[PDB]
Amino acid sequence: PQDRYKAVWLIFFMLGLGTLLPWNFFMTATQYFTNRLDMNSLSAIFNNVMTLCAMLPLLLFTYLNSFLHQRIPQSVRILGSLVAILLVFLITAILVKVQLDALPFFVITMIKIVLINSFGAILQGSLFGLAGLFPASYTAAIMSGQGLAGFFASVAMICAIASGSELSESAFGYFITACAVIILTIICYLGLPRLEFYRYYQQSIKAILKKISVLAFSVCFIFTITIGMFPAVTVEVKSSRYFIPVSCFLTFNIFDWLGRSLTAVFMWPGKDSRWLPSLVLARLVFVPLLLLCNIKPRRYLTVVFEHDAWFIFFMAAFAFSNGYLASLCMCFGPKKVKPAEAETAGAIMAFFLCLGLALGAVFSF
């Protein structure tokens, strides 16, 4: 078992990048959607409708994959999901240049979001089921790719604000970049069968869940907390146009990406250590901490940590805990079960992850 040139690993990393870089960009273009709808109102309900249509299909299709991934080849699932996402994003880019009233644009945007989240649900689940067969480092690879997707999203946001370009132009660029990335990801995947390291490892749900129940609930809780606090609540912090982006999104994405990466080479406390759920639980402390920072306009709660340094430090620790512990759970879940089931376990984990998102999306509401 020799991953020459780390090829397989690299590819998996790229794959991770491709799962969030398309959708992450879609979340970076929210200003553009709301500004085009400006032309009760659609813009005012846009975010809520988007979260609904994103988390419900995501959850449903991740569950269906957890149940039926064995029934469809992984090549089919992966390639088809990627092609569907690419086509949807190409249509998204086209619509930027075509005239369309606010209501048809709103509805078509929500349809594209439903399709993105569905196909990407199956794609993500299939990717984590695949990486479950490979060493833990190769699930850490997917997590690192996701972290880099977030990092690129943050940098692109900052540059779109700095470039002084029109929201339509910057959003067009976002969509085209996402399409190019999806093409690159497809190419990367197609280059897997030709790697002997990839062919070396490619050669009852209640029970599998009971075996990985601890780590599954762990990742679910991690993302519950994270999405309950980030970004809905953290974006309301004010200094005591570049403060919020840089101090919130940039810091979070940087430290989350680096944490997700560290799990590739350093995997403490391990898969059987009860310290991992303990740290996951300890992450609860970020709810009071982050809620008591310099939020404005503040009404029902005070500001105990007014200086921005508190906000930056809590953001660093929060994002890094998120990344590191989520990667550890995703890596150890498939390793807490026999080989013939590691593919299901992974898939199962991919569901709970999304659950942690959905619940978080509800708690942030």
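The first residue of the shown sequence is 1; numbering continues from there.
Per the record, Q203 and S204 are separated by 10 or more deposited residues that have no coordinates. Where coordinates are absent for parts of the deposited sequence, a chain break appears; between neighbours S247 and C248 there is no such break.
For the pair 276-284 and 67-75, the mean B factor over Cα atoms is greater in 67-75.
The mean C-alpha temperature factor is higher for 161-169 when 184-192 and 161-169 are set side by side.
Of the residues listed, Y138, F217, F243, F175, the entry assigns the biggest Cα temperature factor to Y138.
Comparing the listed residues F332, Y324, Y32, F313, the entry records the largest Cα B-factor for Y324. In this PDB entry, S213 carries a Cα temperature factor that places it within the highest third of its chain's modelled residues.
Sort the chain's modelled residues by C-alpha temperature factor and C354 lands in the highest third, per the entry. Sort the modelled residues of the chain by CA B factor and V233 lands in the middle third. The PDB entry assigns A347 a C-alpha temperature factor belonging to the middle third of its chain's modelled residues. Looking at the C-alpha B-factors along this chain, the one for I11 belongs to the highest third.
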